[PDB]
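> For now just these chains, pulled out of the complex without moving them:
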Amino acid sequence: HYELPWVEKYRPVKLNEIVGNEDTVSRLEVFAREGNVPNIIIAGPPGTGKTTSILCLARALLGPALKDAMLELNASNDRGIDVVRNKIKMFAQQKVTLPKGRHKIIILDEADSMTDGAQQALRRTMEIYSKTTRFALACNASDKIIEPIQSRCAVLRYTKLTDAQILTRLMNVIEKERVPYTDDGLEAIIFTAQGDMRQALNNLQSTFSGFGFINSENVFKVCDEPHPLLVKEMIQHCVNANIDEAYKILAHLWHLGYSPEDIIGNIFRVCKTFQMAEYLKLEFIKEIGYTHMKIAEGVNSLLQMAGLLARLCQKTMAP
Amino acid sequence: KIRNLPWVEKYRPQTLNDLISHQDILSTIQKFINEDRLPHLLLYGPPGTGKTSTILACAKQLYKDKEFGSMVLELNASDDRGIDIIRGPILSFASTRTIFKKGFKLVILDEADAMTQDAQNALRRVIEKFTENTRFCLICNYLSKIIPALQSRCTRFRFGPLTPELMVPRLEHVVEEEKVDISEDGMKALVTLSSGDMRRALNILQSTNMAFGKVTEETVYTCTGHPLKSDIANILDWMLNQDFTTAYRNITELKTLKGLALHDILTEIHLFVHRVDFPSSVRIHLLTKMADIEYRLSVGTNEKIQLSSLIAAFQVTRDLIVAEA
Amino acid sequence: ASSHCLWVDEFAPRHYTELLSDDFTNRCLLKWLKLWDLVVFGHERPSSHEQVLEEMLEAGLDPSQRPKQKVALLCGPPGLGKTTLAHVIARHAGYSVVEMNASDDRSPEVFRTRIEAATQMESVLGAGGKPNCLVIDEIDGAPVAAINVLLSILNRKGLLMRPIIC
Amino acid sequence: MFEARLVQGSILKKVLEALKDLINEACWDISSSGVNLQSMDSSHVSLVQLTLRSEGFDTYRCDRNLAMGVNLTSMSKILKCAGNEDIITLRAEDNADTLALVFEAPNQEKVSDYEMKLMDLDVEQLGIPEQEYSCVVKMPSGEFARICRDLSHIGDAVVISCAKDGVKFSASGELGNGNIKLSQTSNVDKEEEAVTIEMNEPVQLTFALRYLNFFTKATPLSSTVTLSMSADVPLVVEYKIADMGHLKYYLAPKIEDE
Amino acid sequence: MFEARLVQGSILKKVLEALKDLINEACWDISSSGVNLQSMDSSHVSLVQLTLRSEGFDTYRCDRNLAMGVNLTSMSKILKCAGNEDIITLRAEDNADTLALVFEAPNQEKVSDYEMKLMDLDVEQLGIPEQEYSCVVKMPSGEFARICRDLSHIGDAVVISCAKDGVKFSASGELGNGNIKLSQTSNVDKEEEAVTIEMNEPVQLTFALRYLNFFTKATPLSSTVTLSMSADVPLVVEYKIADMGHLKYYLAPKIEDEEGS
């Protein structure tokens, strides 16, 4: 036997063990206890617990009938236009003896990967057989799922987990695993997680396996500080036309091994939601795109990124 | 036995003890292997830092030579890795047991940034579903071309650039295993021109040893064609100290004498432009002009006009710096 | 079975008096379906954008005893009651609803052999059997060749004798 | 508990090949009298009424009345591997979601047990089709299948006219016009080829060719077929099997007469 | 100098059409004992071990041992235009790259010499355990091919069990389950159509149907096939050619996880 990693070993099996989004998880607990669950589409960031919530709800609704009253499909399966007609519809037509308030559950994990034709064919087989079967879809990008499918389901949206919500589950894992720790170490794990429970468990397991103790320097010897936390500071320095501090942050990101594409992607990501003037934001975005065309065409050096920073600082002083 | 190989492949770190720099990451991976707690890995960093060598040393440590073909599935950008391969050979490899000996299997996906987004979305439940049976290692240079769903599932290690203090003893081992006469300035020039890359430091070492037979500073800077530090200081002094014609004549004589290229001159002058305590308005103009000159050299453009524009970008700011006082 | 069904299926309209659509659209669809009573049920008596619909409702018939628009097209944003209005109006006028949605094969041979089966035959129950009103859901997802098959079966002069709702 | 041991799988094969591309499901009704199947198309064009009595099986066990709604393609996939002359055990429980078929089809003691998942259908009800047909003729199945294939060669629809002399088939097309005249062929040694006429008030209707071909695909099921048609009542073909039961096919005529 | 001589071209055509959609490349290990080929598939799930004897060829000479790795699509295109009753000569030099296939036209008049360029893959030797198996079944190959084709219509992963009674095949799919059990079919006039059970302990293992259907393509090679199964060692499908050699197929079980409930 091989020991599973703590992401898969400490996956919650009950809906009460899921932290974060307390209203939606509490309503899912009520629906698992009583029954008659509507069609559900859960959207949100990765690592939030959408697949865990869907699987726990399906398991608590069915019980012993899970192998015969559930159809789970992923992006690893085909699920093309010939599978919605011939497998999903045949499972919705299938007779399964179930208790009252319980229905067959068609789990469609990662529904963004489905084509538009498959989602168009899914509409009437979801609407007709709703007396016997139910749908539980999970997704990251809610815009990929079309408007009729979102109208045919209850669109639950998960937000990023707070630091206390991650800290509660991490303390549960620590007390289960007897991991020695300090407060600054768990603060560093929460900082490197960035709303992701998978990354929190992976970083905790990596630090505990590599060093055996959780302090800040043991975490940061293996984990890394996030990129946009410094990209926001360099964009703020470019707003105040301070080229020296912006180049200091740019050279710090360059010596850490980040490619120009990743750096300019984080620069565009920060400048998209930065708090400044709108016309200045549009000029910044146009200069970022002009630099990114040069980055993609082949020329990608520190001089090009420094020239981009100089052009962003020039856009401030030229109204 | 003696083999006709490049020195970047003849001298490869077959074990984890032969890699130099990332000691905390390699210690953590060694403790993952020794405790049989190896997770799905995501190795990212600049090229030449030792990610493929790391995963090949880990695969040779985990599996013996009598079973290496049935436990390791190594796929890279030279192989077809479409969504029919994720649904085909990769899923069948992940979902089946072993043939000879019981154990956990490894699917190495080198150059994971080259995979399509359909394949990366299909890989998610293959990674999550068969965590007990198989383990996945995604290796990339650009982390932005990997979807965040795959970045969440795999714990990531930043294989950053190799520091020149730790790059020296491996180069000394390669030198003592090849009988190369090298001076201290030759090793310093090697670790300066490598810039956190052990491929380019071995290539440059082999090229210099074949071209000249000795590895000094002058031989390395002649074989590579890179300008010396004194040449860049002279070019900056000429561009800041005298008029257009004399500086143009001196830089043209220096370029014709040593056969220098304008790209390396632009890179070293860009490095010098931040060490020099310029005014902030002057530095913005200099960086914008040098970025424009670097962009103009990417096409069929005469290099003499671009050299004149490189002089012009400093002759513009000479009187501004002087009258700033 | 209150805990067995969805609330949309439990509170679905089963009559004309409990619909939630626009009443002008309901009356126009009901009058357009009642215009087929002279050629389907064989009885002379049944019992801006608005101006063109009112003109087409009173424009008369062809010499083949049919309305000049043999196909009704229902369009709008999702979540309004278009399928509900089509089914309620078909069951209200004495028709039997034949559904053809996007979960079918929608190839031109299958499309032809379904439209020709639904529209060109009588009832297997003999006298007193309901006529077939072909409701084609999600016609915008159909390929162009299927629409050409539908237009060819609409313009065969093989005469079309049953109403079609898209 | 429902158990039915069909003595030969040939009749099951010919039935499930006859209604293969005809009906989308099989709704077996199980009582103590036997097995009933009353299926109707969604467009109300064709109807299938199959009855297999309890005396036509090797054994028949039925405690409660059952409704087995099952897929046609999933059963055709089974009895493409069945045997022509072998015993087929069709079994089900009282309250179950599955339907099992046990057979020894290759005659090589190869025990094959194929299970199907039942399909839950809405329980529509059709009580009794009224049978007051004026024109009742009797015809061999092979000649009917051959003449339906001959019109399928030329046309797309058949004008069927009953008469005292015989049943006349007509088909129109661009390649040509297909027309035969049925005569009294009772002066032969074979009694299956004899055409018995019990008609009055002659009727000429129009029918689709594809459903007629799907009806006449059951020629080896019975030696003689019975045709019953009249005004504004759908056409009936009827195959009377030797010991197990009977099979009735109903086809509605087209709106465009002649 | 390596020079083998197939007396007829049909057996090599059947071998290379059995492995065409499965084997990525053919590694002919050449010795004085015969021709060996141990190659995995592209998915690293299956294994093919072909052993052709030196006595089966017309003339067989081998001075030094060779290991010729060659592509399979090229050899498939070469063997497509080969007769079933002609003598086919395989030639290889000591330090050259040209593996030569010399044969005759179907008109049997002109000669044809097709060269192949040998590949230079360094492949580590895969250790066959050659241990005892808990289940050995001798059954006809045509019935095995028929039962694999009939279970391919139901599902995709098949649970094959074997015990003292006999082999049993199950396919829990979307239409339903199909359970076919065969035993003691030796009471016929033929000798090829017989089911014989030799070993004791019952085993139940789940395998993919695509690899089983690829393995059944060697049905004209042998009238009688052998199935070897155990709790640890993989599924072995053994075809015994009449006077040339034998062919072993190894298929690993799938990972099946029970319900928590």
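Nice, thanks for sending it over. Residues are numbered from 1 along each chain as shown, chains lettered A, B, ... in the order given.
> switch to C-alpha atoms for all contacts and neighbour counts from now on
OK.
> my read: residue A:142 touches residue A:43, true?
Yes - judged on CA atoms under 8 Å, residue A:142 makes contact with residue A:43 at a distance of 6.0 Å.
> Who has more neighbours out of these two?
Per other CA atoms under 10 Å in any protein chain shown, whichever of residue A:142 and residue A:43 has more neighbours is residue A:43, with 23 against 18.
> Next, give phi and psi for that one.
Main-chain dihedrals, residue A:43, degrees, to the nearest 10: phi -110, psi 150.
> Dig out what it forms beta bridges with.
residue A:139, residue A:157 (DSSP bridges).
> which secondary structure element contains residue A:268?
Per DSSP states H and E: residue A:268 is located in helix A:260-272.
> What number of residues are in the vicinity of residue A:98?
Neighbours of residue A:98 (other CA under 10 Å): 13.
> Give me the nearest residue to it, chain neighbours excluded.
The shortest distance from residue A:98 to any non-neighbouring residue, by CA to CA, 6 or more residues apart in numbering or on different chains, is to residue A:65 (7.7 Å).
> Kindly tell me how buried that neighbour is, as a neighbour count.
Using other CA under 10 Å, residue A:65 has 16 neighbouring residues.
> and DNA strand F, same structure:
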DNA sequence: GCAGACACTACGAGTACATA
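Placing DNA strand F onto the earlier chains gives this:
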């Protein structure tokens, strides 16, 4: 023994999109 019919997979062709 050989002509006709059945489904089978491999292959050719048309279309869309590719970002946060």
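> so, the neighbour count of residue A:65 revisited with DNA strand F in the model?
Residue A:65, neighbours per other CA under 10 Å, totals 16.
> is chain C contacted by the top helix by length along chain D?
Using DSSP state H to define each element, chain D has its longest helix at helix D:141-154. No - for a cut-off given as CA under 8 Å from any CA of the partner chain, helix D:141-154 has no contacts with chain C; the smallest distance is 15.5 Å.
> And the contacts of that helix?
For helix D:141-154, the external contacting residues (CA atoms under 8 Å, 6 or more residues apart in numbering or on different chains) are D:157-158, D:170-173, D:175-178, D:209-210, D:212-213, D:216-220, D:222-225.
> Please list the outside residues in contact with the helix holding residue A:268.
A:227-228, A:231-232, A:235, A:253, A:281, A:284-285, A:288, A:292, A:295-296, A:300-301, A:305, B:142-144.
> Could you identify the buried members of those residues?
A:228, A:231-232, A:235, A:253, A:281, A:284-285, A:288, A:292, A:295, A:300, A:305, B:142-144 (16 or more other CA atoms under 10 Å in any protein chain shown).
> wait, which of those is closest to DNA strand F?
Ranked by distance to DNA strand F (CA to the nearest atom of the strand), the buried ones among the contacts of helix A:260-272 are led by residue B:144 at 6.8 Å.
> As DNA strand G, please add this:
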DNA sequence: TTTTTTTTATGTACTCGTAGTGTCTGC
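Once DNA strand G is put in with the chains from before, the structure reads:
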């Protein structure tokens, strides 16, 4: 209160139509 059409140059993925072709039926 307002609607037609093919260019961008590869690479991949999906979907659908078509054509040899192995195999089964019958006289």
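> once more on the neighbour count of residue A:65, with DNA strand G this time?
Other residues within reach of residue A:65, judged by other CA under 10 Å, total 16.
> One more: residue D:15?
Neighbours around residue D:15, by other CA under 10 Å: 17.
> Next: residue D:139.
Neighbour number of residue D:139 under other CA under 10 Å is 20.
> can you list the residues of chain A near chain E?
Residues of chain A found near chain E (CA under 8 Å from any CA) are A:63, A:64, A:66, A:67, A:87.
> May I have the phi/psi pair for residue C:80?
Dihedral pair for residue C:80: phi -120, psi -40, per degrees, to the nearest 10.
> need the strands for the stretch 51-200 of chain B, in chain order.
With DSSP state E, counting those that start in this stretch, the ranges of strands along the stretch 51-200 of chain B come out as B:72-75, B:105-109, B:134-140, B:155-158.
> which residues make contact with the second one from outside it?
Contacts to strand B:105-109, defined as CA under 8 Å, 6+ apart, come from residues B:55, B:59, B:71-76, B:90, B:94, B:98, B:133-139.
> Nearest to chain A within chain C, name that residue for me.
Closest to chain A within chain C is residue C:103: 4.3 Å, counting by CA to the nearest CA.
> ok, residue B:279 - contacts?
Neighbouring residues of residue B:279 by CA under 8 Å, 6+ apart: residue B:321.
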